[PDB]
Amino acid sequence: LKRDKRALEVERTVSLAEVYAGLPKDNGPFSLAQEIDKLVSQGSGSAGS
Amino acid sequence: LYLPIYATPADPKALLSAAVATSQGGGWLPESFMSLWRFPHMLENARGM
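Residues numbered from 1 in each chain as written, not as in the entry; some residues may be left out. Chains lettered and ligands numbered in written order. Part of a larger assembly, values for the part shown. Heavy atoms only, no water.

- As recorded in the entry header, the structure was determined using cryo-EM to a resolution of 3.2 Å.

Encoded structure:
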């Protein structure tokens, strides 16, 4: 109890289609729309790095 | 012809014992600390302690 103090409770939304869409171009940038719907149709492969 | 005097020893002294006391100073209060708990809870805590 000596060391404990009230901490600032914060919340942040992360948009994963933005975190992948904004990926630095030293990795291949991609929006999830065009790889989800082909790595299902092929059942195979990869995107990003 | 002379009969000597029959000198006779006195009672033993009462032995006596000495009983002395010891004294030690008054205590000292810690520095008070202010904490995140409303009084009824910190009181149930301290009372338990």
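So that's the structure; there's more coming.
Quick look at the overall build of chain A
Next, step 1: Within chain A, the secondary structure is distributed over two helices and zero strands.
Next, step 2: Along the three orthogonal principal directions, the C-alpha set of chain A runs to about 60 × 25 × 15 Å.
Next, step 3: Counting every position in chain A, which comprises 49 residues, the buried fraction comes to 4%.
Next, step 4: About 4,600 Å² of surface is accessible on chain A, with carbon and sulfur atoms providing 52% of the total.
Next, step 5: The centroid of the 7 positive side-chain charges in chain A is displaced by 12 Å from the centroid of its 7 negative side-chain charges. (Helix = DSSP H or I, 4+ residues; strand = E, 2+ residues; numbered from the N terminus. Buried < 20%, exposed > 50% of the residue type's maximum accessible area, 1.4 Å probe, protein only. Areas by Shrake-Rupley, 256 points an atom, 1.4 Å probe, with all protein chains shown as cover. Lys, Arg positive; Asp, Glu negative; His and termini not counted. Charge placed at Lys NZ, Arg CZ, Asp CG, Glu CD.)

Some remarks on the packing of aromatic side chains
Working definition: an aromatic ring pair is given by the centre-to-centre distance plus the angle between the planes.
Next, step 1: Applying the stated criterion to the full structure yields one aromatic pair over all chains.
Next, step 2: Ring geometry for A:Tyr20 and A:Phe30: centres 5.2 Å apart, planes at 35°, overall tilted. Placement of A:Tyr20 in helix α1 (residues 16-21) and of A:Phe30 in the loop between α1 and α2 (33-39) is noted, with a sequence separation of ten residues between them.
Next, step 3: Positioned above the aromatic ring of B:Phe33 is the side chain of A:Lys2, whose terminal nitrogen or guanidinium carbon lies 3.6 Å from the ring centre. (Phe/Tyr/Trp six-rings, centres within 6.5 Å; stacked < 30°, edge-to-face > 60°. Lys NZ or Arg CZ within 6 Å of the ring centre and 35° of its normal.)

Regarding a nonpolar patch on the surface
Next, step 1: Together, A:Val14, A:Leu16, A:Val19 and A:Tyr20 give the surface a local cluster of nonpolar side chains, amounting to about 340 Å² of exposed area.
Next, step 2: Along the polypeptide, A:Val14 turns up in the segment before α1. (Patch = residues over 30% accessible without salt bridge, like charges linked within 9 Å, V, L, I, M, F, W, Y side chains within 5 Å. Salt bridge = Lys/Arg side-chain N within 4 Å of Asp/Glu carboxyl O.)

Digging into the interface of chain B and chain A
Next, step 1: Each partner contributes to the interface: chain B provides five residues, whereas chain A provides five residues.
Next, step 2: The contact between chain B and chain A buries some 400 Å² in all, and 72% of this surface belongs to carbon and sulfur atoms.
Next, step 3: Linking chain B with chain A are zero salt bridges, by the criterion used here.
Next, step 4: In this assembly, chain B and chain A are joined by zero residue pairs in polar contact.
Next, step 5: Among the residues forming the side of chain B that touches chain A, the class breakdown is four nonpolar, one polar and no charged. (Contact = heavy atoms within 4.5 Å. Buried area = accessible area lost by both parts, 1.4 Å probe. Polar contact = N/O pair within 3.5 Å; in protein donor to acceptor, adjacent residues only side chain to side chain. Nonpolar A, V, L, I, M, F, W, Y, C, P; charged D, E, K, R; others polar.)

Considering the side chain of B:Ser35
Next, step 1: Inspection of the secondary structure puts B:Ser35 in the segment before α1 (39-48).
Next, step 2: Here B:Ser35 is in contact with A:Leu1 and B:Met42, once residues within four sequence places are set aside.

Some remarks on the side chain of A:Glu35
Residue and element names in this part refer to chain A.
Next, step 1: You can see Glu 35 is positioned in helix α2.
Next, step 2: Within the buried set, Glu 35 has no salt-bridge partner at all; the shortest N-O distance to an opposite charge, 6.9 Å, is to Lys 38.
Next, step 3: Excluding residues that lie within four positions of it along the chain, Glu 35 makes contacts with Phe 30 and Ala 47.

Quick look at the environment of A:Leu16
Residues and elements named next belong to chain A.
Next, step 1: Within the secondary structure layout, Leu 16 lies in helix α1.
Next, step 2: Since its relative accessible area comes to 41%, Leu 16 is described here as partly exposed.
Next, step 3: For the pair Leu 16 and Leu 32, spaced 16 residues apart in sequence, the C-alpha separation works out to 8.4 Å.

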